[PDB]
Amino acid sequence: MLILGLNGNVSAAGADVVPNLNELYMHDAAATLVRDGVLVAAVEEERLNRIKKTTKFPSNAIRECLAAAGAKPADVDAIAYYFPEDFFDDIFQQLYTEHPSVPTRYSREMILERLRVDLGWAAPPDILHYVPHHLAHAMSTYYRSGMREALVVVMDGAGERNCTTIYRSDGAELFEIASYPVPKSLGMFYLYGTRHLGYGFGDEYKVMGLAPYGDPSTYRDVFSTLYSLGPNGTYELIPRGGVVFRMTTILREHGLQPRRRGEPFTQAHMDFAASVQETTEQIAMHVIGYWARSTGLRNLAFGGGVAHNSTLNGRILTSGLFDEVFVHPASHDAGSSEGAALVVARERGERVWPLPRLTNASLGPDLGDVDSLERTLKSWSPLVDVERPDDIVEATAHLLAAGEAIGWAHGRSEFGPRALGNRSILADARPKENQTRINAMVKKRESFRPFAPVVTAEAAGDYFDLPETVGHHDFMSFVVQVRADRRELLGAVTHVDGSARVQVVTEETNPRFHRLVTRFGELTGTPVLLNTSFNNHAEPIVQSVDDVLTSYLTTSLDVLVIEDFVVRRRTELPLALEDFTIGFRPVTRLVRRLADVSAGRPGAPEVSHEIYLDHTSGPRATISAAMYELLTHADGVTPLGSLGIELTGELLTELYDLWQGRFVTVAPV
């Protein structure tokens, strides 16, 4: 049976269902394809529409999943949606009361319309089926664990009814044993803390990264008025919601004002981070500990968005409550779509359980074959030199050992937030100064951010203190201690408390990446690399050849390795664009705006030129009259060189700024 699982809102490519549709309303849109129980293809819409954690309907994800799996629309037996229909339709109705001119169409109709318009794919209404949100999460987590018995815990932001649901397995089935209502959400608590630290939706892992620098005791007393642990795994949490969240009143009362975007981080900020992280662990371990003791289960499969807290995951491993713990690479909403697919297949009669443990998150589209790639690379030759060594792994280990920081792109893209050796930025794990270098210089972000190591399965025990409890480390789900005698050596990837978010790579999972790490260690003595996501500040992980080339050229990475090829910039900045086109993204908007900005009596209006990305939280940039004129010609087909506009260094430098911001698409003819 072939099932398509979906999550996300219903918005088209170009405009949203409502103006500035809340970013909480079905974020991390994705599609999964499940064939006889096996996840055969999976990718998040963000990788394709280039909008971080997008809520847009995942049309592109569907197209690519089908092609990646060698399936056609007609092969799909059913479509599974990650939330119940009456809940989703309740949300739409709410929206419609707030926006009187938006037509009252419900989710079923709207989903099918998207399939029809974007994919030319019409189906009978009853192809669509809907599933409880927590069950979707839980089925995904449990089935992908391969475990024959497990305590299965889902902790997130919010389902239709609960923030947290506890299940025990019963062979192929799940028995729900407990839940905690939406107001007790750890996900929502962590997000509030993240917003207080001057961040937004999606930035939770940054707070988790800052927390080790802080002292949880500075604000312990204040935090103790925000929650309590009760008997038998019960807890209370300060009730979110209202004109003013009660938490806001309390913080302001104690003299804590929220950090602004781009301000430095004080010790006070780090302390607050530590308090948010500590509080989250206290409650999560209170719940998990109680239910582990009560059920006597020693296998845990943990999911929902809170399972992306790898520090918490580490605490789970060291508690000694379990013998084995599994966390899915996509424990956020994108992963629950495949859980919906599993539920729907089961309801339809399919019996696939049990399945092998998921070991490989590389389920997105690949880069095409190497022949077509070589051809594409020739089209980029005004900007880059291309070489094809006898052995790409051999060449790459040498690049790494000589001290180069590289883009590394091959095979199918990683499903879930973590790069794992298919769309990675790589460098030596040893030099401590690589933290500043990859951050401040290459990615352009905050310096405090820690980096994650990858080690081979063969060498893991030589660098890390792996706990007695067996975690599955294929997806960087867990924090572990670096061996004390290796902390100095592993300068770029050891946090201030001696910890690291570790990727333990096996040959089976990723032979090329495993061989790379193996060879690097033969050359240097140390089979460990730094592995961070391949993206600048303005984009999600790169997906296509176009994305990879753009990202390489608009950051200051030393060199790009894509499939069999080594690619290096020919100049410092990619300014020779004569034979390149400029195009708009669906969300690009270019304006000449007039406004009378004087005080007193009205006077002559002033002209501004501006480009912006018309999605929730979309960036914006002032541009010159000359840039405006140029971009009126951004048709995605005409070469820049033959627009009869003089391509000055000034104009091209301005264009480069916009390319770096991803406001436009720059590609060869």
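From 1 onward, residues are counted along the sequence shown.
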property: Stretch exceeding the other in mean C-alpha B-factor - 615-623, 44-52; result: 615-623
property: Stretch with the higher entry mean CA B-factor, where the candidates are 303-311 and 196-204; result: 196-204
property: Selection from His133, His254, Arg412, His129 [criterion: highest C-alpha temperature factor in the record]; result: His254
property: Top residue by Cα temperature factor, when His269, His99, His328, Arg116 are compared in the entry; result: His99
property: Chain third (lowest, middle, highest) by recorded CA B-factor, residue given as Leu33; result: lowest
property: Third of the chain, ranked by Cα B-factor, where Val545 sits; result: middle
property: Chain-relative CA temperature factor third for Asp564; result: highest
property: Ranked against its chain, the third holding the CA B-factor of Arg148; result: middle
property: Record-listed C-alpha B factor of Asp497: chain third; result: middle
